[PDB]
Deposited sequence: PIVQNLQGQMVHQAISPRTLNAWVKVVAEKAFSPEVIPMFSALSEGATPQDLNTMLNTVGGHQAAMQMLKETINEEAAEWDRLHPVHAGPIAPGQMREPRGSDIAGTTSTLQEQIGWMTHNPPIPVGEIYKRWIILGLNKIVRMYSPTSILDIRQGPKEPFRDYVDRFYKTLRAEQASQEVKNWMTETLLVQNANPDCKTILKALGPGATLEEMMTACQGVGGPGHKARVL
C-alpha cells in the first residue's frame, strides 16, 4: 500500500495483513462483516495489493469468478465513460488509465504509484476497491440463506435474540436505506410474538429500538 512530512510512499503488503485476510476468508466465508474487514485490510492499497488479496483466496472459486465478471463489467463501463485519446505521451505526463489498468492486469506497479501520487491524483486503488466491494456485496447477498420476511419471533424467544436475527438478515439484505427504514417500520413490530407485539403496538409508531427492547425485556 501507500502511506503518508506529507509525501506518500509505497511499501509491500505485510505478512499478517495477508494472513489476516486469508484467515477471515477461511473462517467467515461471505458474512457481511467480511466486507469492512477487507476494506480495513486494504487501506491505501494499490491494484496490485488488491489483486494479491483476491488471488490468495483458495476455494470459493465460484464467488471469485463472479467477482471477476463484476470487475470486468465495471471496467467496461469505465472504458465507455472514459474514451482513450490517441497520441504520444508527452514528457512530464502519464497515460490515462483504462479499465484493465485500474484492475491492475495491464498496468505496472510504477504506473499505479504514478497515478496515485500525482497532483491531482487518479485514485485507481480506491476505484478498483469500489468495484471489488460492489462484487463482494453481490456475493454476500447471493449467499445469504435467509430472507427478512421469514424472520419471526418465537413464542418463548427473548426479544433481544429476535432483534439480533432480524438486523443480521437485514444487514444481509443490502436494499436501499429507505426500503430498510420501511422494513424496520413494519416487519419488526409486525412479526413479533403476540405478547411483545401487543406491548410494542401500545408503545406507539415513533418508539426507538432502545424503548422497544426495554418494553419487552421482562416479557
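Stretches of the deposited sequence lacking C-alpha coordinates, numbered from 1: 5-6, 222-231.
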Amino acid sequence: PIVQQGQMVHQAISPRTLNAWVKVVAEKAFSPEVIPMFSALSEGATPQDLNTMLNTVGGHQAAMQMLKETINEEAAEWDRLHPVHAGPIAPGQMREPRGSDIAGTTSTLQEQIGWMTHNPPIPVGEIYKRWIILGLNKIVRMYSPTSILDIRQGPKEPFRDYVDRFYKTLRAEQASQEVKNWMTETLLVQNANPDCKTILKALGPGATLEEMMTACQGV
From here on, numbers count along this sequence of modelled residues.
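The question of which stretch, 41-49 or 190-198, has the higher mean Cα B factor is settled in favour of 190-198. With 57-65 and 174-182 compared on mean CA B-factor from the PDB entry, the stretch scoring higher is 174-182. Within the selection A86, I133, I71, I102, the deposited Cα B-factor values reach their highest point at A86. Compared with the other modelled residues of the chain, the Cα B-factor recorded for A20 ranks in the middle third.
Per the PDB record, residue ranking by Cα B-factor puts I139 in the lowest third of the chain.
In this PDB entry, the Cα temperature factor of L149 sits in the middle third of its chain's modelled residues.
Placement of the Cα temperature factor of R80 within the chain: highest third of the modelled residues, per the deposited record. Among the modelled residues of its chain, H118 has a C-alpha B-factor that falls in the highest third according to the deposited record.
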